[PDB]
Every structure is written in structure tokens, then in C-alpha cells.
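The residues making up each chain are set out below.
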Number of protein chains: 2
Amino acid sequence: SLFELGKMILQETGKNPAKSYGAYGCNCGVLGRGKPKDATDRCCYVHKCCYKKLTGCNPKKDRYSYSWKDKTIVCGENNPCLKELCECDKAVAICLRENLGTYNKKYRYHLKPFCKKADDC
Amino acid sequence: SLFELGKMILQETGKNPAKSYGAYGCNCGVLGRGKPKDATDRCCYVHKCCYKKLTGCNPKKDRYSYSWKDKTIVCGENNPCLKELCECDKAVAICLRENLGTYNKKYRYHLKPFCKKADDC
Ligand SMILES: Cc1c(C)c2c(c(C)c1O)CC[C@](C)(CCC[C@@H](C)CCC[C@@H](C)CCCC(C)C)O2
Ligand SMILES: Cc1c(C)c2c(c(C)c1O)CC[C@](C)(CCC[C@@H](C)CCC[C@@H](C)CCCC(C)C)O2
């Protein structure tokens, strides 16, 4: 669920998730997808596409277990959907962290009209 | 959907909805409800409870029609659920405007996992 995703994002990036990613670019936080403005935004795009792939669980609502071991997010599920869901969240948290180097505040609260259509997943 | 909700908030409050209300207190934003931090937050609390009563439509993604007449949000007939949804959104937008005076930027990006459990609606 969003609770685990937000925690992973904090864990990986060290940043308040809503502040840095609640509305960033065309894919982070915003509703729907759009052509990514940069790497951080692409992480969110990949994430939404990852969610689109799930079957059997609600990405927003379903809780799942995971742990922090050797400073790594370790999913703790066997159910295919919760496992994949957890893995989707883990990937976006890592990706956001990995792209902090090009994170650009000008994309915070990016206006949707400036977003081009996303390639489909 | 979030588009309409955001537009209403912008219309009533004059503020960028994502920035001011995308994540505020324990109730404005993702992650259900929590004991409200202040009046602004209380608006979002009532708003989430309002959504609970909806049957047949998705508050997040289902778009609907409304008009700005005499500077008032006027919900389109749409269908029962969408009309109720529109009324839920209109109410929260009005409520946020009425309480703009006590908006506290300290609650923007409030960490959801530092909210007491909300009472049931
Ligand atoms: C519906 C939906 C939303 C809302 C969205 C994204 C996607 C793919 C969605 O389908 C991606 C990014 C973003 C805004 C990012 C924000 C992450 C939130 C889940 C964060 C909530 C954070 C809390 C729990 C962690 C607190 C930890 C304490 C120790 C401080 O969330
Ligand atoms: C997953 C999820 C999210 C992310 C969420 C909420 C709920 C119940 C959810 O289950 C409620 C409130 C908010 C806090 C939404 C507040 C703002 C948005 C609706 C922004 C809309 C965009 C605005 C600029 C549009 C302006 C109109 C243009 C014509 C200029 O975010």
C-alpha cells in the first residue's frame, strides 16, 4: 500500500516522500502517466506501469510485509501479487534515490498541460 | 476525479491544490484518515468520510461535470454517485477556503505515520 511505498521512499532517498515526490513531473504523485520529464519522473512512470501489471491485489490498498536488512528493502511476501507489488515499490524507491543527482525542483508541482502523452506500458 | 477535486480547491482557495493540500495534516492526501491536526485537516477528514458513502464510482479517477456559476461550484446532474462525489469535492473545497486563515504550513507534508488513528466515520 501507499504506506509501505512512502516508507520505502523515505528509507531509500532520505526525503519526505510527499514533499519530494507527491507531485513531481508527469508521473510522480499525479494522476496517470505522461512522458517523463527526467529520470526521477521516469522512475514513477516505470512504477505505474509496474502496477498496471499486477493482478490479484490492490496496489494502493493492500498492505504487505517487508523488512530493512543490511540497509536493503527486503520484501517479505510469497503471494505473487503482493510480492510483485512490494517489488514494484522497492524498485521505485531505489530508482528515486538513484536519480536524486538529477532531481530538479522545478518539476515539483509540474503543470499537467505541459505533459506529453506517455508511451504505453 | 482528482482533476475536478483539484480544480475546485484551486477555485475556492486560490491555492495550488497539490502543494497546499496534496499532503497536509493527517487527512489531506493519501493514506486514509487520522485524528485531524486543525480545521483545514478536519475538512479533509469529513471529505474522506464523504467518499466512504459513495457507491458505484471511483472518487480518484472518475471524472464528472460541474460548472462555475456566479463563482459557485455547481455540480452537473452526472449520475447519483458522481453527483454525490462532486458534492463531496465541492464541500471540501469550500471548507478549505473557509479555514484558509488558520492554514499552517507546518502541517504540509506531515508524516502520515505520526497521526493518531481516526475514529470511524
Ligand atoms: C495512487 C498513487 C500515489 C498517491 C503515488 C504513486 C503511485 C504509483 C500511485 O498509484 C507514486 C509516488 C507518490 C506521491 C509518492 C508519495 C509516497 C506516499 C505513499 C507516501 C506516504 C509516506 C509514509 C507512508 C512514510 C512515513 C515514515 C516516517 C518514519 C517518517 O505516490
Ligand atoms: C491516492 C489519493 C491522493 C493522491 C489524494 C487523495 C485521495 C482520497 C487518494 O486516495 C485526496 C486529496 C489529495 C490531497 C488531492 C488534492 C489535489 C489534486 C486533486 C490536484 C489537482 C490538480 C490541479 C492543479 C488542477 C487545476 C485546474 C487547471 C485547469 C488549471 O490527493
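Residues numbered from 1 in each chain as written, not as in the entry; some residues may be left out. Chains lettered and ligands numbered in written order. Heavy atoms only, no water. Residues with missing side-chain atoms left out of burial classes, pairs and counts.

Enquirer: I tried to follow the site of ligand 1 on my own but got confused; where do I start?
Expert: Around ligand 1 there are 18 residues in total, and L2, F3, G6 and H47 of chain A together with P113 of chain B lie nearest to it. Ligand 1 sits at a junction of chains, with neighbouring residues supplied by chains A and B. Here ligand 1, which alone exposes 780 Å², has 87% of that area covered by the protein. By residue number, the principal contributor to the shell around ligand 1 is helix α1 (residues 2-13) of chain A, which donates 5 residues. (Near = heavy atom within 4 Å. Areas by Shrake-Rupley, 256 points an atom, 1.4 Å probe, with all protein chains shown as cover. Helix = DSSP H or I, 4+ residues; strand = E, 2+ residues; numbered from the N terminus.)

Enquirer: For this particular structure, what's the right way to read the pairing of strand β2 (residues 72-75) of chain A?
Expert: Consecutive side chains along a regular strand alternate between the two faces of the sheet. Residues and elements named next belong to chain A. Burial along β2 is one-sided: the residues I73 and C75 are buried and none of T72 and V74 is. In terms of strand pairing, strand β1 (residues 66-69) meets β2 through 4 bridges, oriented antiparallel. Bridge pairing in β2 places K69 opposite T72. Here β1 folds back onto β2 in antiparallel fashion, the turn holding 2 residues, of which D70 has a positive phi close to 50 degrees. (Buried < 20%, exposed > 50% of the residue type's maximum accessible area, 1.4 Å probe, protein only. Pairing = 2+ DSSP bridges.)

Enquirer: Would you mind going over the packing of aromatic side chains with me for this structure?
Expert: Describing an aromatic ring pair means giving the distance of the ring centres and the angle of the ring planes. Summed over all chains, the structure comprises 8 aromatic pairs over all chains. The interplanar angle of 45 degrees and the centroid separation of 6.3 Å between the aromatic rings of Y64 of chain B and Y66 of chain B together place this pair among those described as tilted. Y66 of chain B carries the same exposure label as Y64 of chain B, and that label is buried. An aromatic cluster is built from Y21, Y24, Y103 and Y107 of chain A, whose rings are joined through pairwise contacts. For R33 of chain B, the ring lying beneath its charged end belongs to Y45 of chain B, and the centroid distance is 4.8 Å. (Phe/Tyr/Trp six-rings, centres within 6.5 Å; stacked < 30°, edge-to-face > 60°. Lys NZ or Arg CZ within 6 Å of the ring centre and 35° of its normal.)

Enquirer: What should I look at first to understand the environment of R33 of chain A in this one?
Expert: Residue and element names in this part refer to chain A. Positionally, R33 belongs in the loop between α2 (17-21) and α3 (39-52). Under the relative-accessibility criterion, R33 is labelled partly exposed at 21%. Along the chain, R33 and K48 lie 15 residues apart, while their C-alpha atoms are 7.3 Å from each other. When neighbours within four sequence positions are excluded, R33 is seen to be in contact with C26, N27, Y45, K48, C49, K52, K112, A118, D120 and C121. (Contact = heavy atoms within 4.5 Å.)

Enquirer: Any chance you could explain the state of the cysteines here in plain terms?
Expert: Each disulfide is one covalent bond, formed between the sulfur atoms of two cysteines. Residue and element names in this part refer to chain A. Taken as a whole and judged by the stated rule, the model has 14 disulfides over all chains. Shown here is the disulfide that connects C57 with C81, its sulfur atoms set 2.0 Å apart. As the torsion about the S-S bond is roughly -80 degrees, the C57-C81 disulfide counts as left-handed. On the criterion of sequence distance, the pair formed by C57 in the loop between α3 and β1 and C81 in helix α4 (residues 80-98) is long-range, its members being 24 residues apart. Taken individually, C57 and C81 each receive the classification buried, so the pair is uniform in this respect. There is a disulfide in this structure between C75 and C86, and the S-S distance comes to 2.0 Å. A torsion of -90 degrees about the S-S bond marks the disulfide between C75 and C86 as left-handed. With a gap of 11 residues between them, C75 in strand β2 and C86 in helix α4 connect regions that are remote in the sequence. Accessibility classification places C75 together with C86 in one group, the buried group. (Disulfide = S-S within 2.5 Å.)

Enquirer: Before we go on, may I ask you to explain a nonpolar patch on the surface in this structure?
Expert: Together, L31 of chain A together with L2 and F3 of chain B make up an exposed nonpolar region whose accessible area comes to about 240 Å². With respect to the element layout, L31 of chain A can be found in the loop between α2 and α3. (Patch = residues over 30% accessible without salt bridge, like charges linked within 9 Å, V, L, I, M, F, W, Y side chains within 5 Å. Salt bridge = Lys/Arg side-chain N within 4 Å of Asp/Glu carboxyl O.)

Enquirer: Teacher, can you tell me more about the relation of the copies chain B and chain A here?
Expert: Superposition of the two copies of the chain requires a rotation about an axis together with a shift along that axis. Once turned by 175 degrees and shifted 0.4 Å along the axis, chain B lies on chain A with an RMSD of 0.8 Å. This pairing of chains is accounted for by a two-fold axis. Considering only C-alpha atoms, the residue of chain B closest to the rotation axis is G22 of chain B, which sits at 3.8 Å. (Least-squares fit on C-alpha atoms.)

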